[PDB]
Structures are given as structure tokens and as C-alpha cells.
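Commentary on secondary and tertiary structure
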Amino acid sequence: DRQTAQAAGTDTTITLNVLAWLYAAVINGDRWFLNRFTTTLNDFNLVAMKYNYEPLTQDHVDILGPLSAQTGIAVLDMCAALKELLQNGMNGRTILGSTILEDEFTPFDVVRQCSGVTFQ
């Protein structure tokens, strides 16, 4: 079954937005899943695509740039954190009090969410 998802020109998880939502958790005060490794961009993609995700790129990396800068976590480190959550499926710990990997937040939206009386 599946393997080659996204044949519908659609259907893939927005990998960018899951990484943004992980940064949103770090911002909010919920960083337990963070790691010390910096996985390869393409090796990350090879894991990610197995779970119905889009391939990440240098362009996607650049869009996370502000969040990465704000938190001090490189995108390749956030990739490695996300690799753990893929392999474990979240394991049972929540992130942002949610029980699933959410993808509804673009990096810019998470940036904007920082405007809680500071700006940025």
C-alpha cells in the first residue's frame, strides 16, 4: 500500500510547517524533543518521505531562518529532532499539548505569534 504518496499532486504533509510547529513549541516553552545532531538535508528527506511528507530544501530552510535564529536551533538540528518524532511517532509525549505532529502553521505565522507584547 501507498509508499509513493502525493501522486494526487497534493496529499503530502507540509514538512516546512511541522518544523515551524516544532519551533513554535520551543518558543512556547516546550522543547523536550530537541537534539544535538544535525542530520543531512537529503537523509532527512529520505526518512520524511516514508511518512507522507514533502522533500525539504535550502529554500524551505531559508523560510524557517527567522525561527531558527530566534531559538538558536539550526534547521538541520530541527530536522534531526523531527527524525526522532517520525521514528517514534511522538511515542506518547505531547508537543504543544497536541497528540499529533501538526502542519497548519507556516514559519511566518509562528514568527507572528511571537508578537505577544514584544515585536519581534
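Residues numbered from 1 in each chain as written, not as in the entry; some residues may be left out. Heavy atoms only, no water.

Per the deposited record, the coordinates in this entry were obtained by solution NMR.

This paragraph deals with the environment of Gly29. Position of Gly29 among the secondary structure elements: in the loop between α1 (15-28) and α2 (41-48). Considered as a pair, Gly29 and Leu96 are 67 residues apart in the sequence and their alpha carbons are 8.7 Å apart. (Helix = DSSP H or I, 4+ residues; strand = E, 2+ residues; numbered from the N terminus.)

Before going further, it helps to examine the packing of α1 against helix α3 (residues 58-71). At a minimum axis separation of 10 Å, α1 and α3 run at an interaxial angle of 5°. The orientation of α1 with respect to α3, classified from their angle, is roughly parallel. Contacts from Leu16, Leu19, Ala20, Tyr23, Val26 and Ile27 in α1 reach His60, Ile63, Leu64, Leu67, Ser68 and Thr71 in α3. Of the residues assigned to the contact of α1 with α3, the class counts are nine nonpolar, three polar and no charged. (Axes fitted to C-alpha atoms, helices over the stretch in contact; angles between N-to-C directions. Parallel < 35°, antiparallel > 145°, perpendicular 65-115°, else oblique. Contact = heavy atoms within 4.5 Å. Nonpolar A, V, L, I, M, F, W, Y, C, P; charged D, E, K, R; others polar.)

Below, the discussion takes up the pattern of salt bridges. A side chain with one charge can pair with a side chain of the opposite charge if their charged atoms come near. Counted by the stated rule, this structure contains two salt bridges. Here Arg2 and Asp11 are joined by a salt bridge, their closest N and O atoms 2.8 Å apart. Taking relative accessible area as the criterion, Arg2 reaches 47% and is therefore assigned partly exposed. What makes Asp11 partly exposed here is its relative accessible area of 37%. The partner of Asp43 in a salt bridge is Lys83, and the shortest N-O contact between them spans 2.8 Å. Here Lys83 lies in helix α4 (residues 75-88) and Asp43 lies in helix α2, a separation of 40 residues in the sequence. Take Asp43: its relative accessible area is 32%, and that puts it in the partly exposed class. Looking at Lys83, the relative accessible area reads 16%, which means it is buried. (Salt bridge = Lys/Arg side-chain N within 4 Å of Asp/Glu carboxyl O. Buried < 20%, exposed > 50% of the residue type's maximum accessible area, 1.4 Å probe, protein only.)

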